[PDB]
Amino acid sequence: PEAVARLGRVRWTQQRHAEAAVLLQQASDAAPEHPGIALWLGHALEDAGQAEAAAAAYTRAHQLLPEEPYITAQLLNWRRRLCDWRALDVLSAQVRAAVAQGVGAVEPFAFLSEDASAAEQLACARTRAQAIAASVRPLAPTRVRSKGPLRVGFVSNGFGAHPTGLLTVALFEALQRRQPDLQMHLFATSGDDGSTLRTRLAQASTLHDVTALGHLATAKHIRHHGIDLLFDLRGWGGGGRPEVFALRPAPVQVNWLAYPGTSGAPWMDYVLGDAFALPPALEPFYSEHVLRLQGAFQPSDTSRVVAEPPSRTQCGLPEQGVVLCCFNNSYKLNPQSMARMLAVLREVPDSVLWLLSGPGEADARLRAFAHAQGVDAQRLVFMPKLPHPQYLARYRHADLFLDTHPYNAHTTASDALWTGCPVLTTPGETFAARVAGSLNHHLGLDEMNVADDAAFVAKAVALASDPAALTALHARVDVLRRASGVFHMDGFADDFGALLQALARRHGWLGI
Ligand SMILES: O=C1NC(=O)C(=O)C(=O)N1
């Protein structure tokens, strides 16, 4: 059992994931009390795409080492992803308690899913950042160059058909064309996926494939290019590499557009946000010194021709009736967010709720939940996984997009609005809970940022039972869509590049 588990750990290392699971299973069966085993069976199954089973292992892992914070955090994040709300209140309290005593175990990105103040979030991101910052030894300090073309770098694991590259690409294209004085460098931590996004990016910047490399080497590689300002678009989220940034390969390091919160990190100099999503009230809760673009913090791909979707029926929708949708990551679909969406459904009879098909049995769960809330399960409709262009097309059948709290739709909110679908949100009290709000505000749709849950249901019921007002809202989105600066990458470029040159001067750049 102790041996098995390690062979199967070997299999794990050499992507023979299928057998890793069958070995680790064989171990777990024979020694069902061994927490370390339960724990490896769990990462095993997960990476063999057996979600439900994977989470079952973390449950037992938790039953065996109840006082263990890291396991508890891992279990909660797994249950959110599967929309399994058994004991969510307790689990959520333990994770927050850990952060408070931290130790250390809560991953900051998972933590974004919790009902937690901007303060707890800072505590959490600082605690993590510290354990990393200590175990590492920074590279020889350097300074922003005095003379010349400013070298600006961005590191990300989604350059290509992913959120990051998918938001930044028209931006990178505008900057090549409008900000010649800036030299744009993309350090891509994932390989060429053959997406036209990946080509475009490579065509608009100098794209370095550092996918082969390790933390130390990556830093050293960035430093080889003598990058003056280095943007972390990663951020505490999956596909590393914070330890890269801890080596401070660049003398100025900016947290932007990727991780919707503070880094808590001593190696991170600036965060870039906006007046709305990061307002003065919230600055004390950022370790970075705050910068702000003139408009919304988020760019997007303003060349996308939204395609034509298949008929409502071929998309599983009925023909008449309002389609309110919430395309978002499953972990964001919390009890509070589902309740308020289902409340709309109850009071507006005709009507339907369109969701992304989640992992494991998430969809069965949300069905059963809808029924518990006294709503026909048939009225939830689930979209499968689809290439961006076909996915993006689906918003054409959407009537109103209903945001989640406390972790807003981010790229999906930008996607809706671009296709012309209004987005309803309740801007909360942390950056991540204010991303929709900031798009709406900057687009001019303040009436779509409402105060609380009751207001959310009220506004949505208003729109859903008055198609006249609803059709007119779309019309309004459309005007605002082409006239606000939110979707003017050209202006966004000019803004960014100027704010970039400014930062550079403060750290002693003499331009030219
Ligand atoms: O481009 C996307 N394709 C998807 O299938 C999806 O779920 C999403 O959020 N974004």
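Residues numbered from 1 in each chain as written, not as in the entry; some residues may be left out. Heavy atoms only, no water.

- This entry lists X-ray crystallography as its structure determination method and reports a resolution of 2.55 Å.

## A word on the side chain of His442
Piece 1. Along the chain, the position of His442 falls in helix α17 (residues 435-443).
Piece 2. In this structure the side chain of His442 is engaged in a polar contact, spanning 2.5 Å, whose partner is the backbone oxygen of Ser438.
Piece 3. Filtering out sequence-adjacent residues up to four positions away, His442 remains in contact with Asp274, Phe276, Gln294, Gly295, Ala296, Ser484 and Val486. (Helix = DSSP H or I, 4+ residues; strand = E, 2+ residues; numbered from the N terminus. Polar contact = N/O pair within 3.5 Å; in protein donor to acceptor, adjacent residues only side chain to side chain. Contact = heavy atoms within 4.5 Å.)

## Some remarks on the site of the ligand
Piece 1. Surveying the vicinity of the ligand reveals the residues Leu356, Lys385, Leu386, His388 and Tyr391.
Piece 2. Contacts to the ligand include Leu386, whose backbone N or O atom sits 3.1 Å from a nitrogen atom.
Piece 3. In the environment of the ligand, an oxygen atom lies 3.1 Å from a nitrogen or oxygen atom belonging to the side chain of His388.
Piece 4. In the complex, the protein chains occlude 72% of the 270 Å² of accessible area that the ligand would expose alone.
Piece 5. When its residues are assigned to classes, the shell around the ligand shows three nonpolar, one polar and one charged. (Near = heavy atom within 4 Å. Areas by Shrake-Rupley, 256 points an atom, 1.4 Å probe, with all protein chains shown as cover. Nonpolar A, V, L, I, M, F, W, Y, C, P; charged D, E, K, R; others polar.)

## Structural notes on the UniProt feature "binding site: Mn(2+)" (unreviewed entry) in the protein chain
Piece 1. The sites that carry the UniProt feature "binding site: Mn(2+)" (unreviewed entry) are, in the present numbering, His208 and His221.
Piece 2. Relative to the assigned elements, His221 resides in helix α11 (residues 215-224).
Piece 3. If sequence neighbours within four positions are ignored, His221 has contacts with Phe187, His208, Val210 and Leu213. (UniProt positions renumbered as here; feature names shortened; annotations may be inferred.)

## As for the domain arrangement of the protein chain
Piece 1. Splitting the protein chain by domain gives domain 1 (1-106), domain 2 (107-307 + 487-512) and domain 3 (308-486).
Piece 2. Spacing between the C-alpha centres of domain 1 and domain 3 amounts to 33 Å.
Piece 3. Counting residues at the interface gives nine residues for domain 1 and 13 residues for domain 3.
Piece 4. Note on domain 1 versus domain 3: buried area summed over both sides is about 1,000 Å², and carbon and sulfur give 65% of it.
Piece 5. When the buried area of domain 1 at its contact with domain 3 is split by residue, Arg81, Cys83 and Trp85 rank highest and sum to 54% of it.
Piece 6. Counting the contacts that link domain 1 with domain 3 gives two salt bridges.
Piece 7. Residue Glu52 pairs with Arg365 through a salt bridge whose shortest N-O separation is 3.0 Å.
Piece 8. Remark: the boundary between domain 1 and domain 3 carries four residue pairs in polar contact.
Piece 9. Broken down by secondary-structure element, the contributors of at least two residues to the side of domain 1 that touches domain 3 are α4 (51-64) and α5 (69-81). (Domains from an automatic or database assignment. Buried area = accessible area lost by both parts, 1.4 Å probe. Salt bridge = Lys/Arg side-chain N within 4 Å of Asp/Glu carboxyl O.)

## Things to note about helix α14 (residues 362-372)
Piece 1. Regarding α14, the residues found buried are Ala362, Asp363, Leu366, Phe369 and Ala370. Down the axis of α14, the buried set is contained in an arc of 120 degrees. They therefore lie on one face. Turned more than 90 degrees off the buried face of α14, the exposed positions are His371 and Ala372.
Piece 2. Summarising the contacts, the buried residues of α14 are in contact with α4, α5, α13 (335-347), β9 (352-356) and β10 (380-383).
Piece 3. Positive phi shows up at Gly374, right after α14, with a value of about 70 degrees. (Buried < 20%, exposed > 50% of the residue type's maximum accessible area, 1.4 Å probe, protein only. Arc of directions from axis to C-beta.)

## Structural notes on the environment of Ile222
Piece 1. Mapped onto the secondary structure, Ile222 falls in helix α11.
Piece 2. Classification of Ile222 by relative accessible area gives buried; the value is 0%.
Piece 3. In the structure, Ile222 is positioned 47 residues away from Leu175 in sequence and 20 Å away in space, judged by C-alpha atoms.

## Describing unusual backbone geometry
Piece 1. Residue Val103 is joined to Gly104 through a cis peptide bond whose omega torsion reads 0 degrees.
Piece 2. Of note, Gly104 is situated in the loop between α6 (88-101) and α7 (108-111).
Piece 3. Look at the link from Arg234 to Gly235: it is a cis peptide, with omega at -10 degrees.
Piece 4. Looking at the secondary structure, you find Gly235 in the loop between β4 (229-232) and α12 (242-246).
Piece 5. Of note in the backbone geometry, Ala87 takes a positive phi value of approximately 60 degrees without being a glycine.

## Examining the sheet that holds strand β1 (residues 150-156)
Piece 1. Strand order in the open sheet formed by seven strands is β3-β2-β1-β4-β5-β6-β7, with parallel pairing between adjacent strands. Edge strands, defined here as strands with exactly one partner in the open sheet, are β3 (206-209) and β7 (289-292). In this sheet, adjacent strand axes meet at a mean angle of 25 degrees when their direction is disregarded.
Piece 2. With four bridges joining them, β1 and β4 adopt parallel strand pairing. Within β4, the residue paired with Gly153 across the bridge is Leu230.
Piece 3. Along the sheet face, helix α9 (residues 163-178) touches β1, β2 (182-188) and β5 (252-256) and points at about 160 degrees away from the line of β2.
Piece 4. Running over the sheet, helix α20 (residues 489-506) touches β1, β2, β4, β5, β6 (270-273) and β7 and is turned about 145 degrees from β7. (Pairing = 2+ DSSP bridges. Axes fitted to C-alpha atoms, helices over the stretch in contact; angles between N-to-C directions.)

## Some words on the packing of α13 against helix α18 (residues 453-464)
Piece 1. Taken N-terminus to C-terminus, the directions of α13 and α18 make an angle of 35 degrees; their axes are 9 Å apart at the nearest point. Here α13 runs over α18; the crossing is right-handed. Across from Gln336, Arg340, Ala343, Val344 and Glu347 in α13, the residues of α18 making contact are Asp453, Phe456, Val457, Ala460 and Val461.
Piece 2. Class assignment of the residues belonging to the contact of α13 with α18 gives a composition of six nonpolar, one polar and three charged. (Left-handed = near helix turned anticlockwise from the far one by under 90°.)

## Here we look at the packing of helix α3 (residues 35-47) against α4
Piece 1. For the pair α3 and α4, the least separation of the axes is 8 Å and the interaxial angle reads 160 degrees. Comparing their axes, α4 and α3 come out roughly antiparallel. Seen along the crossing, α3 lies across α4 with a hand that is left-handed. In this structure, α3 uses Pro35, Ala38, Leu39, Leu41, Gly42, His43, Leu45 and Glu46 to contact α4, whose residues at the interface are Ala53, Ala54, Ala57, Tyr58, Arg60, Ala61 and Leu64.
Piece 2. When its residues are assigned to classes, the contact of α3 with α4 shows 11 nonpolar, two polar and two charged. (Parallel < 35°, antiparallel > 145°, perpendicular 65-115°, else oblique.)

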